[PDB]
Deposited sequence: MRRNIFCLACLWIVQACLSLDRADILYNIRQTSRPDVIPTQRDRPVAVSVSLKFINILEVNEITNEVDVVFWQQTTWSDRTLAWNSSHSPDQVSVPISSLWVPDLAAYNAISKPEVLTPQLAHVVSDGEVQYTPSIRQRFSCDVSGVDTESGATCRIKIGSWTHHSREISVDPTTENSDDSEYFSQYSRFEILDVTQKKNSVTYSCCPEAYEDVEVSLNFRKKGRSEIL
């Protein structure tokens, strides 16, 4: 098997519409890159971050004995978790090529760099303790038995008007009026402040 073959098989046989269930365990980890437009009045922030998403799809696995361990695949050719930011107020602008990593064991990783507007608590952004903006990310349509989400300044721009004090992640499981099942989400708390 070479890359050409592996990609050919994936394209022919992966079922992008089909959740690779046996719940699918989805890792979500936000890597903040920039904070661009804070508004303390309206409580809205403009954030640039890598949405590192990781899950497993065994139907993509291959014998890597004399083959590559990894390939890059267009996400249009793969099933992808339907993650959404609940408190996003703009649709996600994907800044990067929409390719994922598929490892021979069936491990998939997709890490787009996203610019997005959020509605969150921006109060205290200009103080030393800073503001704490809470970002809620989960599967839009898959409940806890189908998709489970779990957590996992390094790449933060030194040229931002803001710095990052702390990032904490917290997993929740919420029931909504529409549906009887529980949906999981990850709440990433971004504690940041305006530099001097």
Sequence ranges without modelled C-alpha atoms (deposited numbering):
1 to 19, 42 to 44, 175 to 180, 225 to 229
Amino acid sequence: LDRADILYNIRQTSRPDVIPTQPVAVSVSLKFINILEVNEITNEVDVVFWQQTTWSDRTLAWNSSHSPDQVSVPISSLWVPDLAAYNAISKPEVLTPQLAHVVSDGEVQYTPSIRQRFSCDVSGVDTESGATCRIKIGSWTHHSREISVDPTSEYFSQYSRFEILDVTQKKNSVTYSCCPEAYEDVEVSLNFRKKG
From here on, numbers count along this sequence of modelled residues.
I need to verify one thing: averaged over C-alpha atoms only, is the B-factor higher for 60 to 68 or for 131 to 139?
60 to 68
Using only the Cα atoms and their B-factors as the entry lists them, report which of 90 to 98 and 115 to 123 averages higher.
115 to 123
Identity of residue with top Cα B-factor, from 35, 147, 164, 30:
164
What third of its chain, lowest, middle or highest, does the C-alpha temperature factor of residue 54 fall into?
lowest
Third of chain Cα B-factors occupied by residue 16
middle
Ranked C-alpha temperature factor of residue 160 among modelled chain residues, by third:
middle
Chain-relative C-alpha B factor for residue 107 (record values, thirds): the highest
Would the CA B-factor of residue 10 place it in the lowest, middle or highest third of its chain?
lowest
